[PDB]
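Participant: The structure under discussion is supplied below as structure tokens; questions concerning it will follow.
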Amino acid sequence: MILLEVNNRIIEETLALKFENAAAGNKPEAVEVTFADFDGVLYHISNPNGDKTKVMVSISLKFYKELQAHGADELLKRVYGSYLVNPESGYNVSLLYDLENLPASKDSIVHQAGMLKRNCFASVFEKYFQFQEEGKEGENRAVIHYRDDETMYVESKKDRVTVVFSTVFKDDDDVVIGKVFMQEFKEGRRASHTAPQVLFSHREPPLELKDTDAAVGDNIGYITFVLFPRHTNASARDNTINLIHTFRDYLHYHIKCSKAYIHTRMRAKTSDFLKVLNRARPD
Amino acid sequence: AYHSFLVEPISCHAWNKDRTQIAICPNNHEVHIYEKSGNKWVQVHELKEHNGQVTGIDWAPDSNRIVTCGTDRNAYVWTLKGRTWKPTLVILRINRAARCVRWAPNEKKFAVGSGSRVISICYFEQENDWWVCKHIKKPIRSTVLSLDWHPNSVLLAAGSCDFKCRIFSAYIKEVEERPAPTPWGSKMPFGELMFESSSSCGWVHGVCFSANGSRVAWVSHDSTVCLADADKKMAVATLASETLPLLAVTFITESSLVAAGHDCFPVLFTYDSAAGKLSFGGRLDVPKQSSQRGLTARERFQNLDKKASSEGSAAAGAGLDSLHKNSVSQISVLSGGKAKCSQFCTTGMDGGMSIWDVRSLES
Amino acid sequence: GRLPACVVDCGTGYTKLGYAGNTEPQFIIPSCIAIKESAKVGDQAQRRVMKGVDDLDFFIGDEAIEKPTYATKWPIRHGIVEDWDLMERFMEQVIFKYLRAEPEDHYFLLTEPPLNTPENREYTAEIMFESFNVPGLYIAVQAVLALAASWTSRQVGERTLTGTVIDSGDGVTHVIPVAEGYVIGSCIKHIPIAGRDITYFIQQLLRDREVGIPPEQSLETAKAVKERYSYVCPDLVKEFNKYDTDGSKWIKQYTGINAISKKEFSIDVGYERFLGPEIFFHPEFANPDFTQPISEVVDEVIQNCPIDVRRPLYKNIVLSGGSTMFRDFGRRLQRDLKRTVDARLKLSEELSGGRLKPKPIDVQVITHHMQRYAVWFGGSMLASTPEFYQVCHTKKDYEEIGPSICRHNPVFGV
Amino acid sequence: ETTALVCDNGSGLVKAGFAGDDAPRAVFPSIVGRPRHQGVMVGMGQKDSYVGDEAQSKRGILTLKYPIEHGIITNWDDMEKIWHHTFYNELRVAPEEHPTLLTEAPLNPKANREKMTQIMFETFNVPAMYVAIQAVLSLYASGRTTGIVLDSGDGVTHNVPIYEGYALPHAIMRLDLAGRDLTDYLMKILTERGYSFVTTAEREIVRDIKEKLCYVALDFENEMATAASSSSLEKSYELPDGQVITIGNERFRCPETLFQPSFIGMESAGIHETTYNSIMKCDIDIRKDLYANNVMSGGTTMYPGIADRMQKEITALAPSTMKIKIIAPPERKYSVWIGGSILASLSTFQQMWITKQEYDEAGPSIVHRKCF
Amino acid sequence: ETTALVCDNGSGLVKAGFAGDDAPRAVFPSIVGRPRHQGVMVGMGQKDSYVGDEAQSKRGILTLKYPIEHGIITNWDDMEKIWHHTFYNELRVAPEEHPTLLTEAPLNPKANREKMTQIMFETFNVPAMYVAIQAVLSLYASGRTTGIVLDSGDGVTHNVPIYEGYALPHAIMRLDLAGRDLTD
Amino acid sequence: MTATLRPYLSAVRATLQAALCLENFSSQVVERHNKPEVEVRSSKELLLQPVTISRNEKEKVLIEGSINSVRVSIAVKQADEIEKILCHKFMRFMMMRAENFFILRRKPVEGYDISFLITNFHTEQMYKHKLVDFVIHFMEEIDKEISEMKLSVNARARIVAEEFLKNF
Amino acid sequence: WXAXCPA
Amino acid sequence: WXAXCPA
Ligand SMILES: Nc1ncnc2c1ncn2[C@@H]1O[C@H](COP(=O)(O)OP(=O)(O)O)[C@@H](O)[C@H]1O
Ligand SMILES: Nc1ncnc2c1ncn2[C@@H]1O[C@H](COP(=O)(O)OP(=O)(O)O)[C@@H](O)[C@H]1O
Ligand SMILES: Nc1ncnc2c1ncn2[C@@H]1O[C@H](COP(=O)(O)OP(=O)(O)O)[C@@H](O)[C@H]1O
Ligand SMILES: [Mg+2]
Ligand SMILES: [Mg+2]
Ligand SMILES: [Mg+2]
């Protein structure tokens, strides 16, 4: 994997295993499993009651309150139709599949359910882009800090949109490696034509975040991506959303991959060192 | 006059009276005997009943007996009975180890430089058919690495690793008689300290005596050479240089001196008559060695797989015979005694052997 | 709303995968790993050194079989591993793509064969703490997990800690007894023969006894063992002459499908229906070094432990493991053990006379579900226990002491 | 801490040495080559990447690529590799022991400067460093305070008018034309003659050919007419394979591209026209001094007769009432390095350096305000 | 497992020996002959097939046929027979004890390589093996890393330019002309 | 390295050559043995005083001495945190395959970087000047290795950034 | 360069 | 061979 995927393959696999035997009579196959994914959010699949004819999926979003305050009426009918019901687990969006009714599609529904986290996350970014597109008075900027102690802020003014990232590294070992990783992020531009500007700042927080109570400290960097309609229209919106949401885990995974790469290089060099040493043993 | 007897190192060497037989420890739980064949060497016998490592051998010019003094806190006195060799158990009462051994000129007793802080002297007894052992432990405070004997056989020097090189006075009245007057002292009874080193000068790895019995010399790990002249009022002479530590001691005549060690080649010294000072002599063995190599098309590719292809066996020590002659273990003598020594031999840790001369150089 | 930990059961064969607090291992995939290696010749001074991002250009899992341009290279070989870089690559791939778990906020439990050397465990723990930065780690033998899973067979409420487990494996099957929670360290033996060399023998015999198969699709043909195609046999020669006499009804047929030209190919089924599974009680066929049966090994290991524990141990033998799925295995083992133990008792009674009659020793084999996987549920219960969060080795312990915290073994002590 | 190292990242060559020496201690071209074939033999796992004279020697099985293109860096990995090679293998001096001096062409992007400073301060942790201009160092080497610089390097040609104690940043002109374009045009014309050269190895071969058998023509039309009588101008060169190539008009054709950029299709003017425009944009009084002093430097201005042609063209363009003098030192190739060494040796410059403490507290933007 | 065996299936001759020796221990031509007459005498039921120096000695009553033609095998039974003969009768070394090394000319069909590998791994169950090129081994023997090879064998003549540490697969030329055409 | 590292290397090489002398000494304290004396630290009789060859605060070396063995410990010149991490990981990977070396230890001395070991069992079955030459060569090449690792990681970060930014 | 010319 | 030459 290079671009971290957005479709959790666990739900895809379990739903495929369930549906491939769906047309086999009165087959309940009681299921009750708990999962976890990036952003420190817990999933849960479990039948509502003894009736096993219905399967339910739920989320435990950390910043759920902001989503509820904003209102996601768009998400209740566009991607998810009539198979969405009020929250049960922890006041967080939960859906269920009605097996008694014939499920016509097999892959489309599974794919739609696979991107649940990003599907709910987009409710704010797409709405801000709509606000700036529609000509409505620039909606008040918002700050969305997810499970990680870091913070996310967005400003949606006329003629452009903005987004800023706050980064926090826990272990002392990876702090410097991540700093080096993000140092060259703001400059690599020789292979991109229609791409947004990128900048890095750690000592001086941007003037936008002074009033906002976002991630403020000392060992915290900042990354901002300037947005323009040429790469934020109705066509190139999903790709940008996927890239930004999968930014954090992308950085993490590629840091670990670099660690493995350097491990391999040093392991290779050990052989040369041993070859040099072997000059001491006799013929 | 270099020769090789085994790739692996060799602990100690011993020779017969006619210089026709050799003793080589293979660094294993046994000892081998090599004999001359025209101008060639070949194995003859194979003696092995010791389960430990052998570290000391010696030969009797007349008795034709061989002693194996090593690990296992034991020691066997080999004797020849017809055309085969048989052991002879001995008791030494040791608890740690034993490294060096040496017989006596008159072949009546032998001493072991045990590693148990003790020095043992034994003599033959026909009553119990055994070899009784006495002990000297009064002044000793550490291991002893080198032992040498005096003509009369009453004076013993036991080098140690405690800055000292001391002469002793052992006299077993059972198999010994009163020695003639000696300048050193009074030939006091067994188990006493006669005299000690004047001061601290490195450890001790060897000792050498003189026919007149008036001069004693030893070497040290501190790149120093000493010469205890007892003829005068215990005059002591010293010398030093930049050479690496020496690990052997021997001299030719009343004034000469020879030694060798990690320098990889012999070094010669000398002693003045009245000046009470020594001097230096460089590479009395020969001027220098030579080096050579070959193409070895097979080797050119074989070495690249493990080592670098351009690599080779050439070394800076090839020119001055410092390539293969890894260190020197000890020294011996060929003809007569320590008076003229027309030829001298040395042992090597490389697993081989070599001979030299003192007159073929012809200054 | 505490996050669940992660449960993983690595091994030579199909690696089990999933989360704790769940009743089904969601992901069960082989150990096959792809790589963009090819034909260089300088392969011992630069094994791979893939330029740029080609290092990660490799797939994993069932999808890795159907990539006909790389190399399918199994990293594990009956526990011991030669090169562990592939293992690290597989671990990162699984944790990210499949599990999708952040190591810095999760606890990982790992399982290794009992014979695993201390060095491998120490270095894998070091690798984990250095790269993944997992807050907690814990490694334990798989026998206890199987024993815990065995409770589901019947009467879960009735606590039964005593017993013994003979687990299978792709390259190892081990014997480990349990005596009321405490196992015996010295009474453990490692069996080299396992469920892989059996298939090697099957294919070796088949390549000469039959023709009509391609070299590539051999193992898929050799996997008739996993089918109904192998029954165990109380007697060997009897069934041999049974087949050599009739040889008409007892012979089965294969109708596999080629994976290249989509052309059907068929071959008959012969003596291998039983010989393979019979190799377990006659390992001498495959491994010449280990000419030693299994049942007698079981009795010997059960006879090298204190008296008070010998009795209950024979009563609880758990049928857990893939290689144990063969039919009638339990009957054969039970009958053999009963015969030998009764003979020993009779010999003991013969020397000292008496009109008494000791109550016969009872040996029973239990058949149940969970046989394919008995380690995953044990790991789930391991994670669910709060004491696990306290026993798990901490970061600061590895920070300066080193990775030696994971060196604890059940057969060592000074 | 006794001396400093001056490194000139020339567009086609690298010059380095100690501060104080009159000649460089390391002169190798900027080549970062990688193998192009597969490799079969087993007794060699050698150096996946190649740099320096090694790359030049075994260029026949490598895809040579120049890290720097027309004065601006394109691949940072190659530049870091060459820096490491020069610092360790050739100089064998640790970065911490002594500081480093860097030079770059004028009117370069600030991104390159910031990245170079960040890499130097972070990777090699040099105690201090500085960034300067090749033309000013050329002035320092020439021992003069007033004049106009013709820094026609392998990648960039530029001029910077100067006066006593001050410069004129508003009269700086930079031309992308340089030796690489001349080599490309030479290859194109050598094709018209009948000799074909495409790959980079033949690029180096043609570069050597131009270095050895090229010169400028005082009059283009007269030289062409004399070429029509081609019996005294053709010359022969020996290729590595032994083939002999006869070169005629191409000797004086490619250099004329400098005075006639229209040959390559560039809508610009020649070096003479650009220098005339730059001097005219200056104040009237300093025009006399600028005319009286015209320093030139770089590896593209060693063609015999170039000075005479430039003098003739400038006098023809300039009014014919004063005297125009051209100064052509015979060591203009290393003038920049000599100037850098002299500047480093200056006592007053020992405090103008940029150290790690101030760089870390302030940031990469400090170098921007440091002498522009 | 102390050494390995190197076998060169030359178009007209077979070379084999231990890894380390400077000279081959078995040098016999590749001949697989069969009787051409009927046979009358009764005190002989001998060896319907003949191979090796035996075939050369009694070639007057046999139809000699070369199993390998111009570098490509035509009859697999003959090649397996010669392999068995060389392994058992001459070398007297079991395949399992040591691995085997095989060489072949360049630009040969992949079918030959696959069949040879399959037969070696299945019939003799050799622990391991490898396939190489005669020219590269010629370089190794010559103790050089750069040059051009003129491997004019009995069945095929080919050249393979080489440079330090690398080869040039795009400049390989193979000519069918060889000793057999010269003999004809 | 003439003006930067040559004198340091010469001094340390001379010290090693002088202290590389070794001999076999039968155990004096524990029954019958020939185990290394430096590690045991039983008798002060055989031990020789430690020596150090250094020129900066953060880089150091230590030279021990004894009859049976001579021990040498080095401290590398590491400045940034990345340098420390890379040195630690590289040394650990060297430890993991130290068996084939027959010279190297299994864990560095506390508070110091990697250390080596010599013995009379490794002086005859192996050459003498080659071992010191290899130790020296490692001392020089450590800086090259760390710089190469640093540029490699920087290039990896650059390539990943470039690969991600293209999608936008 | 980024715009105009290559570099 | 199959096409060209015999083998
Ligand atoms: N139903 C079955 N019949 C025969 N063999 C089976 C069956 N299920 C698994 N196996 C065999 O058991 C092996 C897997 O056992 P397992 O212990 O899960 O591997 P691992 O040791 O990595 O955990 C497989 O190689 C397979 O051949
Ligand atoms: N003897 C020469 N005659 C003419 N041109 C030369 C000569 N030597 C080099 N050159 C040219 O000058 C260039 C190199 O000189 P140099 O000044 O180092 O370029 P840079 O400005 O990057 O330092 C080469 O590209 C070459 O074309
Ligand atoms: N002494 C010789 N003189 C000339 N040609 C020879 C000689 N010996 C063999 N040959 C020729 O070389 C051929 C065999 O050489 P060889 O290299 O073993 O063929 P291959 O390459 O298939 O092993 C024979 O066919 C023969 O024509
Ligand atoms: Mg298993
Ligand atoms: Mg320049
Ligand atoms: Mg041939």
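Going through the structure tokens in order, the chains are called A, B, and so on, while each chain numbers its residues from 1 and the ligands are numbered from 1 in the order shown.
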Can you pull out every residue from range 14-263 of chain B that DSSP, working from the backbone, puts in strand (DSSP E), and format the result as number ranges by chain?
Facilitator: B: 14-15, 21-24, 31-37, 40-47, 54-59, 66-70, 75-81, 84-86, 89-90, 98-102, 109-114, 119-124, 131-136, 144-149, 155-160, 165-169, 193-195, 207-208, 215-220, 224-229, 235-240, 256-259
Participant: Write down, as a PyMOL selection string, each residue of chain G that has any atom within 9 Å of an atom of chain D, counting only C-alpha atoms.
Facilitator: chain G and resi 1+5-7
Participant: Any idea what's packed within 7 Å of range 190-206 of chain C, counting only C-alpha atoms, ignoring anything in its chain fewer than 3 positions away? Could you give it as a ChimeraX atom specification?
Facilitator: /C:168-174,209-210,222,272,276,283,287,323
Participant: Please identify all residues of chain E having at least one atom at most 10 Å from any atom of chain C, considering only C-alpha atoms, and return them as a PDB file with N, CA, C and O atoms, in the first residue's frame.
Facilitator:
ATOM      1  N   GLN E 118      12.801 -29.651 -14.323  1.00  0.00           N
ATOM      2  CA  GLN E 118      11.776 -30.544 -13.797  1.00  0.00           C
ATOM      3  C   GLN E 118      12.302 -31.966 -13.662  1.00  0.00           C
ATOM      4  O   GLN E 118      12.080 -32.624 -12.639  1.00  0.00           O
ATOM      5  N   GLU E 122      12.730 -33.898 -10.116  1.00  0.00           N
ATOM      6  CA  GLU E 122      11.764 -34.965  -9.884  1.00  0.00           C
ATOM      7  C   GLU E 122      12.413 -36.346  -9.876  1.00  0.00           C
ATOM      8  O   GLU E 122      12.200 -37.127  -8.943  1.00  0.00           O
ATOM      9  N   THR E 123      13.205 -36.661 -10.900  1.00  0.00           N
ATOM     10  CA  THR E 123      13.764 -38.003 -11.024  1.00  0.00           C
ATOM     11  C   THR E 123      14.856 -38.249  -9.987  1.00  0.00           C
ATOM     12  O   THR E 123      14.753 -39.166  -9.165  1.00  0.00           O
ATOM     13  N   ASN E 125      15.867 -36.056  -7.645  1.00  0.00           N
ATOM     14  CA  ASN E 125      15.588 -35.347  -6.396  1.00  0.00           C
ATOM     15  C   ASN E 125      16.857 -34.716  -5.826  1.00  0.00           C
ATOM     16  O   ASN E 125      17.187 -34.869  -4.648  1.00  0.00           O
ATOM     17  N   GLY E 165      31.744  -5.951 -14.184  1.00  0.00           N
ATOM     18  CA  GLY E 165      30.599  -6.088 -13.312  1.00  0.00           C
ATOM     19  C   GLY E 165      29.254  -6.167 -14.000  1.00  0.00           C
ATOM     20  O   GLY E 165      28.231  -6.223 -13.306  1.00  0.00           O
TER      21      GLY E 165
END
Participant: For ligand 6, return the neighbouring residues as an mmCIF file with N, CA, C and O atoms, in the first residue's frame (distance at most 9 Å; only C-alpha atoms and all ligand atoms).
Facilitator:
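Everything below was put into selection.cif:
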data_model
loop_
_atom_site.group_PDB
_atom_site.id
_atom_site.type_symbol
_atom_site.label_atom_id
_atom_site.label_comp_id
_atom_site.auth_asym_id
_atom_site.auth_seq_id
_atom_site.Cartn_x
_atom_site.Cartn_y
_atom_site.Cartn_z
ATOM 1 N N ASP E 8 28.852 -30.404 -17.666
ATOM 2 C CA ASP E 8 28.718 -29.606 -18.880
ATOM 3 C C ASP E 8 28.209 -30.518 -19.989
ATOM 4 O O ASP E 8 28.941 -31.390 -20.468
ATOM 5 N N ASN E 9 26.956 -30.314 -20.396
ATOM 6 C CA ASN E 9 26.337 -31.124 -21.444
ATOM 7 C C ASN E 9 26.752 -30.574 -22.809
ATOM 8 O O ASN E 9 25.971 -29.973 -23.550
ATOM 9 N N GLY E 10 28.024 -30.793 -23.134
ATOM 10 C CA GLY E 10 28.540 -30.329 -24.406
ATOM 11 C C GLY E 10 27.840 -30.996 -25.574
ATOM 12 O O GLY E 10 27.403 -32.146 -25.495
ATOM 13 N N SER E 11 27.742 -30.255 -26.679
ATOM 14 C CA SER E 11 27.026 -30.750 -27.849
ATOM 15 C C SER E 11 27.616 -32.046 -28.388
ATOM 16 O O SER E 11 26.902 -32.809 -29.047
ATOM 17 N N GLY E 12 28.895 -32.312 -28.127
ATOM 18 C CA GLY E 12 29.535 -33.513 -28.630
ATOM 19 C C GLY E 12 30.271 -34.301 -27.566
ATOM 20 O O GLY E 12 30.695 -35.434 -27.813
ATOM 21 N N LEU E 13 30.434 -33.719 -26.380
ATOM 22 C CA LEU E 13 31.160 -34.366 -25.300
ATOM 23 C C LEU E 13 30.585 -33.918 -23.963
ATOM 24 O O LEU E 13 29.958 -32.861 -23.856
ATOM 25 N N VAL E 14 30.808 -34.741 -22.941
ATOM 26 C CA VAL E 14 30.310 -34.494 -21.593
ATOM 27 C C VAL E 14 31.499 -34.386 -20.652
ATOM 28 O O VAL E 14 32.380 -35.254 -20.652
ATOM 29 N N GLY E 71 23.052 -27.738 -29.830
ATOM 30 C CA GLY E 71 22.803 -27.095 -28.552
ATOM 31 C C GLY E 71 21.428 -27.325 -27.954
ATOM 32 O O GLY E 71 21.185 -26.958 -26.805
ATOM 33 N N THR E 103 25.085 -26.215 -17.349
ATOM 34 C CA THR E 103 25.405 -25.108 -18.237
ATOM 35 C C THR E 103 24.752 -25.341 -19.591
ATOM 36 O O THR E 103 24.552 -26.483 -20.015
ATOM 37 N N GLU E 104 24.420 -24.243 -20.266
ATOM 38 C CA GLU E 104 23.773 -24.315 -21.567
ATOM 39 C C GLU E 104 24.149 -23.083 -22.378
ATOM 40 O O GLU E 104 24.552 -22.053 -21.830
ATOM 41 N N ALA E 105 24.007 -23.202 -23.695
ATOM 42 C CA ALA E 105 24.338 -22.108 -24.589
ATOM 43 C C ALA E 105 23.308 -20.988 -24.467
ATOM 44 O O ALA E 105 22.186 -21.208 -24.004
ATOM 45 N N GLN E 134 28.151 -20.890 -20.467
ATOM 46 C CA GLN E 134 29.526 -21.354 -20.624
ATOM 47 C C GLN E 134 30.502 -20.186 -20.726
ATOM 48 O O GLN E 134 31.636 -20.274 -20.244
ATOM 49 N N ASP E 151 33.005 -18.787 -27.868
ATOM 50 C CA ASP E 151 32.687 -20.136 -27.398
ATOM 51 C C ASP E 151 32.237 -20.972 -28.593
ATOM 52 O O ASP E 151 31.051 -21.237 -28.803
ATOM 53 N N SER E 152 33.218 -21.396 -29.387
ATOM 54 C CA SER E 152 32.960 -22.197 -30.584
ATOM 55 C C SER E 152 32.997 -23.666 -30.186
ATOM 56 O O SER E 152 34.035 -24.325 -30.243
ATOM 57 N N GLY E 153 31.842 -24.185 -29.776
ATOM 58 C CA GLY E 153 31.717 -25.568 -29.369
ATOM 59 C C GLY E 153 31.470 -26.492 -30.545
ATOM 60 O O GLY E 153 31.538 -26.105 -31.713
ATOM 61 N N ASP E 154 31.174 -27.752 -30.215
ATOM 62 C CA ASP E 154 30.917 -28.745 -31.252
ATOM 63 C C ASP E 154 29.568 -28.525 -31.924
ATOM 64 O O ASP E 154 29.375 -28.947 -33.070
ATOM 65 N N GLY E 155 28.631 -27.871 -31.240
ATOM 66 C CA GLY E 155 27.291 -27.704 -31.768
ATOM 67 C C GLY E 155 26.898 -26.267 -32.043
ATOM 68 O O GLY E 155 26.094 -26.007 -32.944
ATOM 69 N N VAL E 156 27.448 -25.322 -31.284
ATOM 70 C CA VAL E 156 27.058 -23.920 -31.385
ATOM 71 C C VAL E 156 28.277 -23.038 -31.160
ATOM 72 O O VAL E 156 29.158 -23.364 -30.357
#
Participant: Return as a list in words every polymer residue, whether protein, DNA or RNA, with at least one atom no more than 9 Å from an atom of ligand 4; count only C-alpha atoms and all ligand atoms.
Facilitator: residues 9, 10, 11, 12, 13, 14, 15, 78, 79, 112, 113, 142, 167, 168, 169, 170, 171, 172, 173, 321, 322, 373 and 375 of chain C
Participant: Can you write just those residues out, N, CA and C atoms, as a compact mmCIF listing (two decimals), in the first residue's frame?
Facilitator:
# COMPACT_ATOMS: atom_id res chain seq x y z
N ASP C 9 -1.94 -14.35 16.05
CA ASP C 9 -1.31 -15.66 16.24
C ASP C 9 -0.47 -15.94 15.00
N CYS C 10 0.76 -15.44 15.01
CA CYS C 10 1.68 -15.68 13.90
C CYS C 10 2.20 -17.11 13.95
N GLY C 11 2.67 -17.57 12.80
CA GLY C 11 3.16 -18.93 12.70
C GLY C 11 3.58 -19.24 11.28
N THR C 12 3.99 -20.49 11.07
CA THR C 12 4.48 -20.90 9.76
C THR C 12 3.34 -20.98 8.75
N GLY C 13 2.18 -21.47 9.17
CA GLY C 13 1.05 -21.66 8.28
C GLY C 13 0.14 -20.46 8.24
N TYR C 14 -1.12 -20.72 7.88
CA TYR C 14 -2.13 -19.67 7.83
C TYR C 14 -2.12 -18.86 9.12
N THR C 15 -1.80 -17.57 8.99
CA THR C 15 -1.69 -16.70 10.15
C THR C 15 -3.07 -16.19 10.54
N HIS C 78 8.84 -23.65 10.25
CA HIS C 78 8.64 -24.37 11.51
C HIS C 78 9.21 -23.57 12.68
N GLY C 79 8.64 -22.38 12.88
CA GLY C 79 9.02 -21.53 14.00
C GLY C 79 10.23 -20.66 13.71
N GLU C 112 4.40 -17.67 19.81
CA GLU C 112 5.54 -18.31 19.17
C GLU C 112 5.62 -19.75 19.64
N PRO C 113 6.27 -20.62 18.86
CA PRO C 113 6.43 -22.00 19.30
C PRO C 113 7.28 -22.07 20.55
N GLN C 142 1.14 -21.19 23.14
CA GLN C 142 -0.23 -21.33 22.65
C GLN C 142 -1.01 -22.44 23.36
N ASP C 167 -0.92 -29.83 20.13
CA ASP C 167 -1.36 -28.93 19.08
C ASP C 167 -0.64 -29.25 17.78
N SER C 168 -1.31 -28.93 16.67
CA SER C 168 -0.75 -29.15 15.34
C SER C 168 0.00 -27.91 14.89
N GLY C 169 0.38 -27.88 13.61
CA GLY C 169 1.05 -26.73 13.04
C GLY C 169 1.55 -27.03 11.65
N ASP C 170 1.83 -25.98 10.87
CA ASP C 170 2.32 -26.19 9.51
C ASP C 170 3.67 -26.89 9.51
N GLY C 171 4.46 -26.72 10.56
CA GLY C 171 5.78 -27.32 10.61
C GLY C 171 6.16 -27.86 11.97
N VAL C 172 5.25 -27.75 12.95
CA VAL C 172 5.52 -28.23 14.30
C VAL C 172 4.21 -28.63 14.95
N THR C 173 4.26 -29.72 15.71
CA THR C 173 3.17 -30.10 16.61
C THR C 173 3.81 -30.49 17.94
N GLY C 321 -6.32 -28.25 16.67
CA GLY C 321 -5.30 -28.10 15.65
C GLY C 321 -5.76 -28.62 14.30
N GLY C 322 -5.21 -28.02 13.24
CA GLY C 322 -5.62 -28.41 11.90
C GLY C 322 -5.24 -29.83 11.54
N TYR C 373 -8.81 -23.56 14.92
CA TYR C 373 -8.19 -22.44 15.61
C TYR C 373 -8.58 -22.50 17.08
N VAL C 375 -6.17 -20.92 19.34
CA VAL C 375 -5.30 -19.91 19.92
C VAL C 375 -5.96 -18.53 19.93
Participant: Can you check which residues of chain E have any atom within 9 Å of chain B? Use only C-alpha atoms and format it as number ranges by chain.
Facilitator: E: 140-144
Participant: Go ahead and save the residues from that selection, with N, CA and C atoms, as a PDB file, in the first residue's frame.
Facilitator:
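This went into part.pdb:
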ATOM      1  N   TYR E 140      35.416 -16.638 -15.773  1.00  0.00           N
ATOM      2  CA  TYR E 140      35.856 -16.971 -14.421  1.00  0.00           C
ATOM      3  C   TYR E 140      37.135 -17.797 -14.453  1.00  0.00           C
ATOM      4  N   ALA E 141      37.208 -18.770 -15.362  1.00  0.00           N
ATOM      5  CA  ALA E 141      38.409 -19.587 -15.485  1.00  0.00           C
ATOM      6  C   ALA E 141      39.606 -18.746 -15.904  1.00  0.00           C
ATOM      7  N   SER E 142      39.402 -17.817 -16.839  1.00  0.00           N
ATOM      8  CA  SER E 142      40.484 -16.966 -17.315  1.00  0.00           C
ATOM      9  C   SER E 142      40.913 -15.923 -16.292  1.00  0.00           C
ATOM     10  N   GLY E 143      40.167 -15.761 -15.204  1.00  0.00           N
ATOM     11  CA  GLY E 143      40.523 -14.769 -14.201  1.00  0.00           C
ATOM     12  C   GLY E 143      40.472 -13.349 -14.720  1.00  0.00           C
ATOM     13  N   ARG E 144      39.453 -13.026 -15.512  1.00  0.00           N
ATOM     14  CA  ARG E 144      39.285 -11.689 -16.059  1.00  0.00           C
ATOM     15  C   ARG E 144      37.823 -11.284 -15.940  1.00  0.00           C
TER      16      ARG E 144
END
Participant: What does the distance between CA of residue 128 in chain E and CA of residue 39 in chain C come to in Å, to one decimal place?
Facilitator: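 Computing the Euclidean distance for CA of residue 128 in chain E and CA of residue 39 in chain C yields 17.0 Å.
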Participant: Considering only C-alpha atoms, extract the chain C residues located within 9 Å of chain F and return them as a list in words.
Facilitator: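 Result, ordered by chain then number: residues 52, 53, 119 and 123 of chain C.
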Participant: Up to 9 Å from chain D, what residues of chain C turn up? Count only C-alpha atoms and give them as a list in words.
Facilitator: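 Using only C-alpha atoms, chain C residues at most 9 Å from chain D: residues 39, 40, 41, 42, 43, 44, 45 and 46 of chain C.
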Participant: Which residues are near ligand 2 in this structure, taking near to mean any atom at most 7 Å from a ligand atom and counting only C-alpha atoms and all ligand atoms? Format them as a PyMOL selection string.
Facilitator: chain D and resi 9-14+152-155+179-180+207+210-212+298-303+333
Participant: Please return, as a ChimeraX atom specification, all residues of range 9-136 of chain E that DSSP assigns to alpha helix (DSSP H) on the basis of the backbone.
Facilitator: /E:53-57,76-85,110-122,134-136
